[PDB]
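Participant: Before we start, here is the structure in question, set down as structure tokens.
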Amino acid sequence: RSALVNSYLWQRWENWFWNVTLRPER
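What the sequence shown shows, in our numbering, is residues 75 to 100, in sequence order.
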């Protein structure tokens, strides 16, 4: 419950989602 806690928690959820959705291979 903080301005720098939920934002970091949400940012991490998308960071992982993009990490596997993007996959810069080749």
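The C-beta atom is built at its ideal place from N, Cα and C for all residues, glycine as well.
#1: When the Cα atoms are used, what is the spatial distance from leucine 78 to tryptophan 87?
#2: Mapping DSSP to helix, strand and coil, what is residue 54?
#3: Rounding to the nearest angstrom, what Cα-Cα distance links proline 98 and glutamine 85 in this structure?
Facilitator: This is what the structure gives:
#1: Position 4 of the sequence shown holds residue 78. Position 13 of the sequence shown holds residue 87. Their backbone Cα atoms lie some 15 Å apart in a straight line.
#2: Since the first residue of the chain shown is 75 and the last is 100, residue 54 is not available in this structure.
#3: For this step, residue 98 is matched to residue 24 along the sequence shown. For this step, residue 85 is matched to residue 11 along the sequence shown. In a straight line, the C-alpha of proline 98 is about 19 Å away from that of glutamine 85.
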